[PDB]
Amino acid sequence: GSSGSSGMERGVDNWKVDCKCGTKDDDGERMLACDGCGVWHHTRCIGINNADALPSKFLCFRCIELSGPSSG
Ligand SMILES: [Zn+2]
Ligand SMILES: [Zn+2]
């Protein structure tokens, strides 16, 4: 998967707004929180337009592996 170069708990309020583009706050394009973790993403980047409705649940790439019996 992708890798990280930097990051820290400081900047955007609770609502986690992150995307490949590089947005940290509501720019203007509709977004949706990942039912899995709870991160707002660009409904467009993910591949969705206002035209169609929103998916009951949307999981991110990080969740794909996050989801598990892993107690720790
Ligand atoms: Zn984006
Ligand atoms: Zn997620």
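Residues numbered from 1 in each chain as written, not as in the entry; some residues may be left out. Chains lettered and ligands numbered in written order. Heavy atoms only, no water.

A. Fine view of the pattern of salt bridges. Enumeration according to the criterion identifies one salt bridge in this entry. Among the salt bridges present, the one from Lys24 reaches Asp25, with a minimum N-O distance of 3.8 Å. Judged by relative accessible area, which is 45%, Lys24 ranks as partly exposed. (Salt bridge = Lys/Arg side-chain N within 4 Å of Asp/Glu carboxyl O. Buried < 20%, exposed > 50% of the residue type's maximum accessible area, 1.4 Å probe, protein only.)

B. Up close: the UniProt feature "zinc finger region: PHD-type" in the protein. Feature annotation in UniProt places "zinc finger region: PHD-type" on residues 16–66, given in this structure's numbering. As annotated, residues 16–66 comprises 12% helix and 18% strand, and the C-alpha atoms at either end are separated by 17 Å. (UniProt positions renumbered as here; feature names shortened; annotations may be inferred. Helix = DSSP H or I, 4+ residues; strand = E, 2+ residues; numbered from the N terminus.)

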